[PDB]
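We just call them A, B, C, D, E, F, G, H, I and J in the order they show up, numbering each chain from 1.
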Amino acid sequence: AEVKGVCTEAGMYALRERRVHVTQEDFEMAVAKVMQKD
Amino acid sequence: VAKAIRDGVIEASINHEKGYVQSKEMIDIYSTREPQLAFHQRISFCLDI
Amino acid sequence: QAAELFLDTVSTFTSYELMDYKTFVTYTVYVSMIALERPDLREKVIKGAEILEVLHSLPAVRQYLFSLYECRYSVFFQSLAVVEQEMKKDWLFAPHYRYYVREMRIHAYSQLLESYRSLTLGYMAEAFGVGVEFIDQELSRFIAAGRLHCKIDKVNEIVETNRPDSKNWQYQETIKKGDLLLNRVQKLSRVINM
Amino acid sequence: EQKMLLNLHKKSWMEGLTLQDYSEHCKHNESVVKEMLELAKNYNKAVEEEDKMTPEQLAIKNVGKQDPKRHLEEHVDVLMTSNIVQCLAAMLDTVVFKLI
Amino acid sequence: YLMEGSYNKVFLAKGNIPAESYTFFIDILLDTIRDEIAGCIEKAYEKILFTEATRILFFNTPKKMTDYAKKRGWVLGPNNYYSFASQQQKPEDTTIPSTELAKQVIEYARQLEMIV
Amino acid sequence: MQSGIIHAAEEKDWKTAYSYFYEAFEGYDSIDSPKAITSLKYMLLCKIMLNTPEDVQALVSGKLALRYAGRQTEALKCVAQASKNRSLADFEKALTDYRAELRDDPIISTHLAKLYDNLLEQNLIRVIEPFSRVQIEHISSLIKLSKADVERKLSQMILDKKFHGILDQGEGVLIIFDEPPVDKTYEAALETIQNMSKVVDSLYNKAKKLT
Amino acid sequence: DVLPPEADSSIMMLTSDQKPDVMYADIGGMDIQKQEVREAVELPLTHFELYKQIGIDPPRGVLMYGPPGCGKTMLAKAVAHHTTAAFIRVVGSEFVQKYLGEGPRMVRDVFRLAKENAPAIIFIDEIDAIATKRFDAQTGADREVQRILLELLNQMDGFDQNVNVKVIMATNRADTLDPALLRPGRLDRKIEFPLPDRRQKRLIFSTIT
Amino acid sequence: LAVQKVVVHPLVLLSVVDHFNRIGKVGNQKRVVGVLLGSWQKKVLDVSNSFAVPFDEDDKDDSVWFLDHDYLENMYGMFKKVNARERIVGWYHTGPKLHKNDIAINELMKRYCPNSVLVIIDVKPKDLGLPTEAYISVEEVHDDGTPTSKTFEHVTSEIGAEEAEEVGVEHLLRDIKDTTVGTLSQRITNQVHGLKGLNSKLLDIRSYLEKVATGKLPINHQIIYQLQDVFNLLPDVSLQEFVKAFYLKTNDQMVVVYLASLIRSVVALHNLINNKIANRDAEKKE
Amino acid sequence: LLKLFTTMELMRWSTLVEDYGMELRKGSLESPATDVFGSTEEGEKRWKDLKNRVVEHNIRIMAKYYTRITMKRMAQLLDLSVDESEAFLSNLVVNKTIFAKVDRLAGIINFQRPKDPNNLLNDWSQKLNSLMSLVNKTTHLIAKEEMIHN
Amino acid sequence: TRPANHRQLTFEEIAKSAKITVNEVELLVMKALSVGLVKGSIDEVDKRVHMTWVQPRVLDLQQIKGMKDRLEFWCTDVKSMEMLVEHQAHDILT
């Protein structure tokens, strides 16, 4: 579930930049938010 | 070429002294009755079906 | 449609079972030059970060793409000849290799004539690295087909461009495609009755 | 008394020869033809769907869901009445109100 | 040759006839060709020079033009040119065929309402 | 602040670069940092490269941005005036009056060349706007550029469909055309025919299979 | 006869004069909460295609919970003030009515009116009034509230991805909520509004002072 | 002016006809005059009821005429009690045309309604026009210097009905009215009626000009002024710009008809397919 | 002077200075001059702006009545040089104040916009509507004359 | 005086008939157009005024006869198509 939440957060990060394609940066920034912050 | 511009095959004119054929500038097809005529035979055929 | 679909997946390509990524970008560039307008080509292909990266390792395809955009018509014809042989040996582009090259030649002639009111035959021959007789025959074939908006004054060897309205071109397609549709409707009623 | 009541909703003779605004007539033609563009796309789906539909669903499944065929006919009827009248009235006016 | 407009070969057909019996019908044809050639010129040439049309009309003596000119009503110009300004009689797009168009549009309405 | 700089150095969309400079500005503003003027500079520059220079006046007029009203904001505000007026001459005067605030900043100086090309198109449109047929030499006089440079740009603009016209090399004139918008009724009619053809295809399968 | 969908609705939308005067700037120090509500309510309302292109499934509803006085209702006021979409404001206690069936009825009028006026935001403050996890089948109150909640679950289940309606529910007693309300597809985004931290405190102090 | 349009309801027409048929009985066949009742909505009058008043005039002298104005007040109060929202809006008379003495009668009616509207309601069933001609009194200020005089200015009149009024009218016209004709046929019939109405009005102007030409009627110089404007407004349909635009427009509408006819044929074939499938299926089971 | 800016006609700047210049700038002892057009820097700037208003008014009048005019004629009518008039006209065209297409080769300024087929037929339709209303109004006028003279 | 087909007056005709210099013709038409005496537009490039309307004036009996003669032609044209639409659309006429 935490792994799945990282993906859904990675898609959010692309949207924050108004991008269409999820980049590797988004997955890494999603990993930090899901695990370390929460 | 002389008959072709008489029969309406092409719209042009011949300069006998110079020796060339000058084609007439094309007229706006959509600004005359031809689109209506083409549509009429298509409309009446659809209404027939 | 191929250009639209390829450009969407140029940054999401994982279908390696069909083709290599370099070959995929090669096809993407090819279909883009024939199906995209000049403003659409510069945003998606010329300035495409993913395409430009691949074009570094594909000097021939990059030369073919940028020769037309940068109005280098002599090189573009040389590149178009190279592209033509590739597509003849390619099972996907083989049935359309004659059509694609002809349309690309139409694009180059139209692009050169688009910005000018009249261009001499010699200048157009000089631009494409070809003879005056070649440009005269190619234009006369394309103008007769209705694909070039120009007319040749052969006595003075001057090509004068026209600006026909979009209403005429739309009307011919409506007559054309409507007649194609009507033929199906007529044929279907024939099947219905008996 | 019957002929007198027949005058109800009888439009004036001006309205018969009155031409609808051409800017709005083209706009109405523009909009409705665009409406049939989506309806024709939906109409194709209805043909395949009704091929594989049980006869109990010929009407129940059409309840609450828009019928592309029905709206296509209404759009066709409206446009052909609108354009024929606009064309016919325009053609009549070119000779009736003639300066020569 | 007559259909494609090879009027040069039509007059050359006199020389290479297959047999002496064919002469009569050839002259009968050549009288028709003479009007047909000049018929093109009015719609083809906007002005053609006097002796320029001699070989076009296949006239031997210049005098044979003079009688044919008035028969065809060709207004000769001072510069030995015939002015053929007659294309002004265009298909007359100046006029809208309102009655014909109103006739057609009514028929569409008939094919929509009269059916019942 | 670095996120916007890298976003702008890569010539990506400037909306994201503006946003990063906007949040960098607020954080620098909250702590009362000397670098808040640099972020306020790059925010306006992002608006300039977004072809919305009018918003630059509104930004500096805000309460948070009034504290930084100085020469650096003046540099971009006049560059915005230049883009808003579609004046290339004003741009050079802007680059002269505030050369230090504009030509010496490493971030803005990189995008100055792109601004020059962007303003060259807009000024050309403004110069040729009142004309239907104008000498190329007259256009060069108004723009204060060479005949060859303006003719090359005009030919390239015609290819880019930025304005509708043709170039007469022999007379050296630009013929501008008032094109009509495409008839969307015919566009919708054509695709309706295409979609109606698919219905005929579907009715064909129904016709042959069921009879 | 068939009545217009916007007709027959005892609950009305927010008019322009009923829009609260509370701004986003009036709220101090809720950037995490402001961002999540924006990303889950107002951004999908205007960027539904960008969600679909990326692949994110927008949350149909948002549950705002936390200790009382932590900005739950006010953010709804700010959202209603700063929205271009319709706002339907309600509190769960109004759904419980004397006339049996009027509760579940007026639940579906809220969702029908929101669907007809899409884009729209449904805000249901004090959701605990109709979303308590305990039900007594021998009492008319719990029998009716069970119908109200079941209709509420049915209505949110009845919204596909095409219908652009977002639901906001606020409660300070989310422990008493029925778990069925928090299932995916009904309230997929639970935003917590905790007690302000020290950094949050100085932003709240600065904005009021 | 003060009146933009007068909507006369079918009850008034029936009442006015009944007034004429009961006064114009074996007694005589003159014009009958009553009092119009209705409401005001923005600038469109809503004539909805009327009552008859005793009235007589001399066939020879136009200044001799009687209207029972006390009868007017008594029945108005009688009608006001039933329907207070219906006030006096003018008078009517069944005369086929105006009379010289109407301007005097309107002055008598102007006391009960300052913006009184006279509606001439022709009992005879005229073929092409509406039976109602609504007039209002105006002060025509001549520029020749002739003193300002009271005249009637025409107000466009329409026959409209109330919801229950139209229910009864459709009941009385149930058999006579033919509603089977489609909209397109009705619109073309409107165009034929428009042509007939224009020809009649053009004939009236020509008849007036004939009388002026032979000296039967004096030269007006306000009609002639208007007539030059009519002939000046006559468009030139032989212009190149107009003809091209007409062709441009006609072809724009034709393609839409062609598209709609094309869709109609496809839908018609779909109906034929379903009919043949239904026919074949019915005989298979039987 | 205020009327001169109301009449739908050309006014000449040279005439204004020779007819209103002294009364507006220097004024008279009987009627003192206001500070709108004084000798100051503000007065001089407003004096230049007044000339623009006169020039702008003339172009507005030239757009109503002329369909095509020559730059040579427009410069003469504006009391401006050809370059100044073209630059002044080019300014108004840019800010969408007045429509004008300038053909600099032939020295022609075109004040008529392209005729949309909608507009051409709408004008034709509007003429018919006025015509039918006039025919209606004439018939009513005829009926009154039949009443009076019978 | 001129028919509506030929209401395009040159500057020379206005200059000659009004005894004014050709350069003063333009200002003359402005006064006529501004007051409202006539309606139209001026084509300065072609030295021509396109006249579309004149203030209606007093007509003699003879000109009124001519005006009626135009009505007779106009009446026939309206009646001609009234019978044309009736005959052609007889089946669908209500």
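In the analysis below, a contact is a pair of C-beta atoms (placed from the backbone, for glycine too) under 8 Å apart; a residue touches a chain by one contact, two chains touch by 3 or more.
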**Study point:** Path length in steps (a step moves to a chain that is touched) from subunit B to subunit F
**Key:** 2
Review point. Most remote chain relative to subunit B, going by C-alpha centroids?
Key: G
Exercise for review: Please state whether H-I or A-G has more C-beta contact pairs across its interface.
Suggested key: H-I
Exercise for review: State which chain is most central when centres are taken as means of Cα atoms.
Suggested key: D
Check your understanding: If you average the Cα atoms of subunit A and of subunit I to get two centres, how far apart are those centres in Å?
Key -> 64
Exercise for review: Indicate the whole-number Å distance between the mean C-alpha point of subunit E and the mean C-alpha point of subunit H.
Suggested key: 61
Exercise for review: Round to the nearest whole Å and give the separation of the Cα centres of subunit G and subunit H.
Suggested key: 58
Exercise for review: Please compute the C-alpha centroid of subunit A, do the same for subunit F, then give the distance between them in whole Å.
Suggested key: 32
Practice item. Please set out, as single numbers or ranges, the residues of subunit C touching at least two other chains. Key: 165, 167, 171, 174, 178, 181-182, 185, 188-189, 192
Exercise for review: Scan subunit H for residues touching two or more other chains and write them down.
Suggested key: 181, 184-185, 188, 191-192, 195-196, 198, 201-202, 205, 226-227, 229, 234-238, 246-252, 254-259, 261-266, 269-270, 273, 276
**Study point:** Touching two or more other chains - residue numbers and ranges from subunit E
**Key:** 93, 96, 99, 101-102, 106-109, 112-113
Point to revise | Touching pairs among all chains present in the structure | key: A-F, A-G, B-C, B-E, B-H, C-F, C-H, D-E, D-F, D-H, D-I, D-J, E-H, E-J, F-H, F-I, H-I, H-J, I-J
Study note, to complete from the structure: subunit H residues touching subunit B in their complex are 244, 247-248, 250-251, 254-255, 257-258, 261-262, 264-265, 268-269
**Study point:** Residues of subunit J defined as touching subunit E within the complex
**Key:** 81, 84-85, 88-89, 91-92
Check your understanding: For the complex, which residues does subunit F have touching subunit D?
Key -> 184-185, 188-189, 191-192, 195-196, 198-199, 202-203, 205-206
Study note, to complete from the structure: Listed in rising order, subunit D residues that touch subunit H in their complex are 1-18, 22, 25-26, 29, 33, 36, 40, 47, 69, 72-73, 75-76, 79-81, 83-90, 92, 94-100
Point to revise | Residue numbers on subunit E that touch subunit J, as the complex places them | key: 99, 102-103, 106-107, 109-110, 113-114
